[PDB]
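*Asks:* What follows is a structure written as structure tokens; I'll ask about it next.
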Amino acid sequence: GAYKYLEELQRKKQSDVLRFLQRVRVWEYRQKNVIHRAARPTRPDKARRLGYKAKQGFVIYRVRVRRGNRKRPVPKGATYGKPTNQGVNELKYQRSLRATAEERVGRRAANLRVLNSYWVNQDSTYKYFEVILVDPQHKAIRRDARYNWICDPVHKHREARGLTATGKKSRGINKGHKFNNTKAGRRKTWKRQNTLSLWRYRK
Amino acid sequence: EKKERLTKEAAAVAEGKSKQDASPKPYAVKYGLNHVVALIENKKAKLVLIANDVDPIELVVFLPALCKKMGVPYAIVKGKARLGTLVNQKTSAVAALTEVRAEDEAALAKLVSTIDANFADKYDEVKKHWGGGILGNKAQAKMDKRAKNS
Amino acid sequence: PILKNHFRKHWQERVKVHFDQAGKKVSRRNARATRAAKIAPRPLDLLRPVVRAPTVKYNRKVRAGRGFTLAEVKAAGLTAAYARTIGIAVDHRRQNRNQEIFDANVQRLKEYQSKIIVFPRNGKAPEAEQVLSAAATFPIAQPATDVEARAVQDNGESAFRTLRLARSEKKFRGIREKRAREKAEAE
Amino acid sequence: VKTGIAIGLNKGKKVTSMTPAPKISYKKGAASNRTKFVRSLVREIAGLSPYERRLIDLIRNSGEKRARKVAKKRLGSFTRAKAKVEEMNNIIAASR
Amino acid sequence: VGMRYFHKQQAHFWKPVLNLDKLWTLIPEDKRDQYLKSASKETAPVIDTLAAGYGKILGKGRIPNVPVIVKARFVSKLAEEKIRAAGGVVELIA
RNA sequence: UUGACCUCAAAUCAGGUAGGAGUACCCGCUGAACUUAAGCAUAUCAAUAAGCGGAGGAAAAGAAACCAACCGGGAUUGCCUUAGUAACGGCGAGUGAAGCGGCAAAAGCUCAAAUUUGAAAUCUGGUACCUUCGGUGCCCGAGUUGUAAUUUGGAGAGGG
RNA sequence: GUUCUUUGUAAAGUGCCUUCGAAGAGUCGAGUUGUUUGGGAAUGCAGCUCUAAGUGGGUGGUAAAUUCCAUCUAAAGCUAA
């Protein structure tokens, strides 16, 4: 099948064929809106291993975000503080641009639930993403229990709490000795160890 | 026909205890894209038709290189819309034919000799040139007038 | 004396005092008693392996592990799929590379299937009067190293020069091998 | 084989070993028959990337010593530069 | 002051010491009076110093003349000499 | 000249859904200074108060790209302990984890990636009837740029 | 517990012999710049530039080269106490 040939040929992103497609498709994506509906995924293999199943109730959105840092919104660079916090242009915004891309399509299509997302194309001004969303009200999803777990109301707005694939990365949630400050969540393991525990019979 | 064929089998199964030899062997085009690519690389295909316009172009571009490798006589037909009509879909994007009836055998081998003369034989020198030198006609008249004057 | 206390933060916001210790104990025993009525013939916990601890300080002990293996369960004569229904924990990621631990867990399995009786699916359900602790029925036994008294055999190896030469051989192993190749590479 | 004393080249108790069944998730690296056929097919389609073009003009001119220094810096590390320049010797050998 | 030790863990350095003074409290109380009244090399009590939780055997006092088989990870020079005069071997266990 | 296809639209179209409130606890983002250092910029206060986004009866984490250096352990959480220790700091003031051990609770697993190819075997909707959190039968539709069945690395598949 | 309904030429499990064994990309990683905590020529995350491999890849708390050995299988996902 074309599963493996598409998997390998996408990896050669500087070959003479793909930089042709990367330069044609970057023109098309500027001419549309910031958020607009993709009728079908442009990368079908990469969509499919993330969980896309071509049936009724899986919606692909295409989104455009700004490249660059984050400039602090204080007026005229006057931070009013100890002479550290004067830094303005070097500030870097702890969430990635990928999770910012998931929130704009999330706040637009609010009935939909955002499943995952992936990279497509980039430019000096904009990065481009293509986001897979799931419809929880559609009857093909409320049945067939591979996917009825998303209709559970604890999965409301996964993209905004940081539970997606790039959400759990940016929080720094993996196993290991490196991730001590963030293994059970950062502010949970802060409050755990900055707490004076006092039993009845004092130890 | 399948809604006709199953009850035609079902009367044969209970009455005659037949092993579904009541249904003959089928011959039809094999049409799914992951199914055509699996029929190639086993050398099980006779002709592979390729639609030229596919909206994610990256899907199909390895097929003229893969059909040259395993030795299957590919063709690049025009239209994914035409290929859907012969196989009862809207769009098809490939159509491959494994087998053919024996009375129709000589008609196939004549057709393959015309197709390979255009596509599989030209494949050695298709790779050595680049397309896209066309310009707009206002720009095309601009340089032809100058080159005539120069 | 110098004394270090870390109380510069707003520490009075995060102070947890455990008045509920005597309260949570009564709630926890009612949790076990409610479970033991729901699971009414079954012994409230799964069966556990005999496992020797890591970390040179603790390797003399032996300890109840998580689950057996796929190898120890097959040696007793049952699949891993059926083993979880019997009450036997299965840990797929552990491996056996010792024999005395392997022989201890298998004998722990041969005893277990004799002590249990499994009811038929069909019915008639013989009343069995559950025993609430599977760990107390199959205790974890400390293995015995040696006998109490032996005879003295003495070879004069001096037992400290033994430790000394074993130390120096590790330290000077690498440089002596560099000498041993330079003799070999000559001419 | 451990010796049986506390310190040395082989410390620790002598116990009989079982050398158990090999885990399947150790052979993740070995490819297939099929993936070798796929990757050979994609390389002739895609062609060489632009820095790989700058290696095969550099090995033919300035030897393999300077080629590992550029391939150290375009890629990440030095041990990945061995895996790339060894591939570019296979490209020229297939050419001639 | 000295050099730094990144990632220190007190399992590498677990080694509690035992002097030759006690050496018999490891043996239980009721059997103790029998083993002190025998000079037999044929029946000598085996004391496993690791199982009681002692890393090293050090020589600090004087011990009686009964031969004793000792199992230990580490012994000093003077401790192994003082047991050898009593007629007791020191077997190294791991 | 009709008839498809692709992309893009409209309708008080058929049926649906989101916003707001609460906000003790939970997941993020953003983010100060008074204060301590007998000054102070560093550091501290603090990855905290304020501001903003999003949930539940719990949330979050979770079935190892783990800890280890052992005769080896075995998903995550919580407690006792490791420990005011290793470690970092105008090495000043100050800050400060994790692995083992005991215990509470215990539960595992699912896709992508294999041609059903001797048969898209799958699914929403519309309408009749019914034993209605649904079921059966016909008709359009989705769909071959991939919906079922089989497989998830502890394995597993194809022939015998 | 008691009662009438049998779903199945359906489904599951185990022994042996062979050929096999598909396993996630602007990602892992590196450079620099900011931010973070005990993480100490770099503990996380983020911006930009560069950008892999398949007996490979990550880690093994002092950088780099060279030779080994151990251990797990990342870049997709769910789940009570």
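Labels for the structure tokens follow display order: chains A, B, ..., residues from 1 in each chain, ligands from 1.
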If we count only C-alpha atoms (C1' of nucleotides) and set the cut-off at 10 Å, which residues sit around residue 83 (chain F), ignoring sequence neighbours fewer than 3 positions away in its own chain? Please answer as a count of residues only.
*Replies:* 3
*Asks:* For chain G, report every residue with an atom at most 7 Å from chain D (counting only C-alpha atoms (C1' of nucleotides)), formatted as a PDB file with C-alpha atoms (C1' of nucleotides), in the first residue's frame.
*Replies:*
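Saved to result29.pdb:
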```pdb
ATOM      1  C1'   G G  29      19.551  15.655  17.899  1.00  0.00           C
ATOM      2  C1'   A G  30      23.093  19.881  17.516  1.00  0.00           C
ATOM      3  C1'   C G  50      20.929  23.583  10.772  1.00  0.00           C
ATOM      4  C1'   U G  51      18.518  18.917  10.429  1.00  0.00           C
ATOM      5  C1'   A G  52      19.244  12.543  10.874  1.00  0.00           C
ATOM      6  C1'   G G  54      17.639   1.350  10.820  1.00  0.00           C
ATOM      7  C1'   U G  55      22.228  -4.866  13.938  1.00  0.00           C
ATOM      8  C1'   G G  56      19.460   1.959  14.439  1.00  0.00           C
ATOM      9  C1'   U G  73      11.636   1.386  22.810  1.00  0.00           C
TER      10        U G  73
END
```
*Asks:* Give me the residues within 9 Å of region 30-32 of chain B as an MDAnalysis selection string, counting only C-alpha atoms (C1' of nucleotides) and dropping any in the same chain fewer than 5 places off.
*Replies:* (chainID B and resid 37 39 87 92:98) or (chainID F and resid 117 144 146)
*Asks:* Taking into account only C-alpha atoms, which residue in the set D:47, D:12, D:4, D:22 is nearest to chain B?
*Replies:* D:47
*Asks:* Set the cut-off to 12 Å and count only C-alpha atoms (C1' of nucleotides): what are the residues of chain G that reach chain C? Output as an MDAnalysis selection string.
*Replies:* chainID G and resid 1 12:14 72 81
*Asks:* Could you produce a table of the residues of chain E lying within 7 Å of chain D, with the nearest pair of atoms per residue and their separation in Å rounded to one decimal, using only C-alpha atoms, ordered by chain and increasing residue number, as a Markdown table?
*Replies:*
```
| residue | atom | partner | partner_atom | distance |
| --- | --- | --- | --- | --- |
| E:73 | CA | D:6 | CA | 5.6 |
| E:92 | CA | D:5 | CA | 5.9 |
| E:93 | CA | D:5 | CA | 5.7 |
| E:94 | CA | D:5 | CA | 4.9 |
```
*Asks:* Let's have the selection written as a short mmCIF file (atom, residue, chain, number, x, y, z; two decimals), in the first residue's frame, with N, CA and C atoms.
*Replies:*
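Saved result, out25.cif, follows:
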```cif
data_model
loop_
_atom_site.label_atom_id
_atom_site.label_comp_id
_atom_site.auth_asym_id
_atom_site.auth_seq_id
_atom_site.Cartn_x
_atom_site.Cartn_y
_atom_site.Cartn_z
N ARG E 73 31.67 -9.47 54.62
CA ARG E 73 32.11 -8.87 53.37
C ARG E 73 33.51 -8.29 53.50
N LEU E 92 34.93 -15.24 53.20
CA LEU E 92 34.35 -14.06 52.58
C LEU E 92 33.08 -14.41 51.82
N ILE E 93 31.97 -13.82 52.24
CA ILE E 93 30.74 -13.92 51.47
C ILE E 93 30.51 -12.62 50.71
N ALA E 94 29.58 -12.67 49.77
CA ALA E 94 29.26 -11.50 48.97
C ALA E 94 28.00 -10.81 49.47
#
```
*Asks:* Apply DSSP to the structure's backbone, then extract all residues of region 13-60 of chain E labelled helix (DSSP H, G or I) and return them as a PyMOL selection string.
*Replies:* chain E and resi 29-36
*Asks:* Restricting it to N, CA, C and O atoms, dump the selection as a PDB file, in the first residue's frame.
*Replies:*
```pdb
ATOM      1  N   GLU E  29      20.624 -16.398  72.871  1.00  0.00           N
ATOM      2  CA  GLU E  29      21.096 -16.448  74.252  1.00  0.00           C
ATOM      3  C   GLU E  29      21.196 -17.874  74.776  1.00  0.00           C
ATOM      4  O   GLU E  29      22.141 -18.210  75.497  1.00  0.00           O
ATOM      5  N   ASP E  30      20.237 -18.728  74.423  1.00  0.00           N
ATOM      6  CA  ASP E  30      20.169 -20.041  75.050  1.00  0.00           C
ATOM      7  C   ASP E  30      21.235 -20.981  74.504  1.00  0.00           C
ATOM      8  O   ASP E  30      21.727 -21.857  75.223  1.00  0.00           O
ATOM      9  N   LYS E  31      21.615 -20.809  73.240  1.00  0.00           N
ATOM     10  CA  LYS E  31      22.638 -21.677  72.670  1.00  0.00           C
ATOM     11  C   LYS E  31      24.038 -21.185  73.013  1.00  0.00           C
ATOM     12  O   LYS E  31      25.016 -21.912  72.812  1.00  0.00           O
ATOM     13  N   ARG E  32      24.143 -19.968  73.553  1.00  0.00           N
ATOM     14  CA  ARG E  32      25.434 -19.308  73.741  1.00  0.00           C
ATOM     15  C   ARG E  32      26.321 -20.043  74.741  1.00  0.00           C
ATOM     16  O   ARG E  32      27.539 -20.130  74.553  1.00  0.00           O
ATOM     17  N   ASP E  33      25.728 -20.594  75.798  1.00  0.00           N
ATOM     18  CA  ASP E  33      26.522 -21.202  76.860  1.00  0.00           C
ATOM     19  C   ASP E  33      27.103 -22.542  76.428  1.00  0.00           C
ATOM     20  O   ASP E  33      28.119 -22.993  76.967  1.00  0.00           O
ATOM     21  N   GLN E  34      26.465 -23.197  75.458  1.00  0.00           N
ATOM     22  CA  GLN E  34      26.984 -24.462  74.955  1.00  0.00           C
ATOM     23  C   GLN E  34      28.212 -24.249  74.082  1.00  0.00           C
ATOM     24  O   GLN E  34      29.205 -24.974  74.212  1.00  0.00           O
ATOM     25  N   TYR E  35      28.160 -23.263  73.180  1.00  0.00           N
ATOM     26  CA  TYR E  35      29.256 -23.060  72.236  1.00  0.00           C
ATOM     27  C   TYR E  35      30.496 -22.512  72.925  1.00  0.00           C
ATOM     28  O   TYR E  35      31.619 -22.754  72.469  1.00  0.00           O
ATOM     29  N   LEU E  36      30.321 -21.781  74.026  1.00  0.00           N
ATOM     30  CA  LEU E  36      31.482 -21.311  74.772  1.00  0.00           C
ATOM     31  C   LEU E  36      32.167 -22.456  75.499  1.00  0.00           C
ATOM     32  O   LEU E  36      33.381 -22.417  75.724  1.00  0.00           O
TER      33      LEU E  36
END
```
*Asks:* Quick one: which chain G residues come within 12 Å of chain E, and what is the nearest atom pair for each with the distance in Å to one decimal, counting only C-alpha atoms (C1' of nucleotides), rows ordered by chain and ascending number, as CSV?
*Replies:*
```
residue,atom,partner,partner_atom,distance
G:38,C1',E:7,CA,9.8
G:39,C1',E:6,CA,8.9
G:40,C1',E:6,CA,7.4
G:61,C1',E:7,CA,6.0
G:62,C1',E:6,CA,9.3
```
*Asks:* Residues at most 12 Å from residue 70 (chain A), counting only C-alpha atoms (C1' of nucleotides), excluding those fewer than 5 positions away in the same chain, as a PyMOL selection string?
*Replies:* (chain A and resi 87-97) or (chain F and resi 30) or (chain G and resi 34+46-47)
*Asks:* Fewer than 5 positions away in the same chain doesn't count, so skip those; otherwise give me all residues within 9 Å of region 119-129 of chain B, counting only C-alpha atoms (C1' of nucleotides), as a PyMOL selection string.
*Replies:* chain B and resi 64-65+67-68+71-76
*Asks:* Write out as a ChimeraX atom specification the residues lying within 12 Å of region 7-23 of chain B, counting only C-alpha atoms (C1' of nucleotides) and excluding same-chain residues fewer than 5 positions away.
*Replies:* /B:1-2 /F:118-119 /G:9
*Asks:* Need to verify the contact set: residue 57 (chain D), 12 Å, only C-alpha atoms (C1' of nucleotides), exclusion of same-chain residues closer than 6 positions in sequence. Can you return it as a ChimeraX atom specification?
*Replies:* /D:50-51,63-64,66-67,88-89,92
*Asks:* Please compute the CA of residue 47 (chain C)-CA of residue 28 (chain C) distance, one decimal, in Å.
*Replies:* 21.7 Å
*Asks:* Given only C-alpha atoms, how would the per-residue table for chain E near chain C read, listing every residue at most 8 Å away with its closest atom pair and distance in Å to one decimal, sorted by chain and number, as CSV?
*Replies:*
```
residue,atom,partner,partner_atom,distance
E:11,CA,C:57,CA,5.8
E:12,CA,C:56,CA,7.4
E:14,CA,C:57,CA,6.0
E:41,CA,C:152,CA,5.5
E:42,CA,C:151,CA,4.3
E:43,CA,C:151,CA,5.3
E:44,CA,C:149,CA,5.3
E:45,CA,C:149,CA,4.5
E:46,CA,C:149,CA,5.5
E:50,CA,C:60,CA,7.7
E:51,CA,C:60,CA,6.7
E:69,CA,C:152,CA,7.2
E:74,CA,C:163,CA,7.7
E:75,CA,C:160,CA,6.8
E:76,CA,C:160,CA,6.7
E:77,CA,C:160,CA,5.9
E:80,CA,C:159,CA,7.2
E:88,CA,C:152,CA,7.1
E:89,CA,C:154,CA,6.2
E:90,CA,C:159,CA,6.7
E:91,CA,C:159,CA,7.5
E:92,CA,C:159,CA,7.4
```
*Asks:* Please check the contacts: residues of chain B at most 9 Å away from chain A, using only C-alpha atoms, listed as an mmCIF file with N, CA and C atoms, in the first residue's frame.
*Replies:*
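What follows is the written file result07.cif:
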```cif
data_model
loop_
_atom_site.group_PDB
_atom_site.id
_atom_site.type_symbol
_atom_site.label_atom_id
_atom_site.label_comp_id
_atom_site.auth_asym_id
_atom_site.auth_seq_id
_atom_site.Cartn_x
_atom_site.Cartn_y
_atom_site.Cartn_z
ATOM 1 N N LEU B 33 -6.459 1.899 -4.048
ATOM 2 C CA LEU B 33 -5.089 2.371 -4.252
ATOM 3 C C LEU B 33 -4.090 1.561 -3.442
ATOM 4 N N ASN B 34 -4.401 1.284 -2.176
ATOM 5 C CA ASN B 34 -3.546 0.396 -1.392
ATOM 6 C C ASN B 34 -3.676 -1.050 -1.855
ATOM 7 N N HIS B 35 -4.700 -1.344 -2.649
ATOM 8 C CA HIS B 35 -4.858 -2.679 -3.201
ATOM 9 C C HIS B 35 -4.128 -2.826 -4.528
ATOM 10 N N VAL B 36 -4.026 -1.748 -5.306
ATOM 11 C CA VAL B 36 -3.267 -1.815 -6.551
ATOM 12 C C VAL B 36 -1.775 -1.913 -6.261
ATOM 13 N N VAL B 37 -1.291 -1.147 -5.280
ATOM 14 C CA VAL B 37 0.129 -1.153 -4.937
ATOM 15 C C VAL B 37 0.536 -2.499 -4.336
ATOM 16 N N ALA B 38 -0.399 -3.197 -3.697
ATOM 17 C CA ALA B 38 -0.081 -4.535 -3.214
ATOM 18 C C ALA B 38 -0.117 -5.564 -4.338
ATOM 19 N N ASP B 55 -5.479 15.386 -6.097
ATOM 20 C CA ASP B 55 -5.363 16.659 -5.392
ATOM 21 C C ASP B 55 -4.232 16.660 -4.355
ATOM 22 N N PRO B 56 -4.009 15.622 -3.532
ATOM 23 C CA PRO B 56 -2.656 15.453 -2.981
ATOM 24 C C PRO B 56 -1.740 14.694 -3.919
ATOM 25 N N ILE B 57 -1.046 15.385 -4.834
ATOM 26 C CA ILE B 57 -0.187 14.824 -5.885
ATOM 27 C C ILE B 57 0.829 13.816 -5.350
ATOM 28 N N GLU B 58 1.266 14.024 -4.101
ATOM 29 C CA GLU B 58 2.255 13.170 -3.439
ATOM 30 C C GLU B 58 1.786 11.717 -3.297
ATOM 31 N N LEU B 59 0.475 11.470 -3.402
ATOM 32 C CA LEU B 59 -0.056 10.111 -3.319
ATOM 33 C C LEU B 59 0.469 9.211 -4.432
ATOM 34 N N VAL B 60 0.547 9.721 -5.664
ATOM 35 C CA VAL B 60 0.626 8.845 -6.829
ATOM 36 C C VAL B 60 2.000 8.883 -7.508
ATOM 37 N N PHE B 62 4.969 8.077 -6.961
ATOM 38 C CA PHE B 62 5.925 6.979 -6.951
ATOM 39 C C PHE B 62 5.479 5.831 -7.843
#
```
*Asks:* List every residue of chain G that has an atom at most 8 Å from any atom of chain A, giving for each one its closest atom pair and the distance in Å to one decimal, counting only C-alpha atoms (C1' of nucleotides), sorted by chain and then by ascending residue number, as a tab-separated table.
*Replies:*
```
residue	atom	partner	partner_atom	distance
G:24	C1'	A:49	CA	6.9
G:25	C1'	A:11	CA	5.8
G:33	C1'	A:90	CA	7.6
G:34	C1'	A:90	CA	5.5
G:35	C1'	A:92	CA	7.5
G:37	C1'	A:181	CA	6.6
G:43	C1'	A:178	CA	6.0
G:44	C1'	A:179	CA	6.7
G:45	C1'	A:170	CA	6.0
G:46	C1'	A:94	CA	4.7
G:47	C1'	A:69	CA	5.6
G:48	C1'	A:68	CA	8.0
G:76	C1'	A:50	CA	4.8
G:78	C1'	A:149	CA	7.3
```
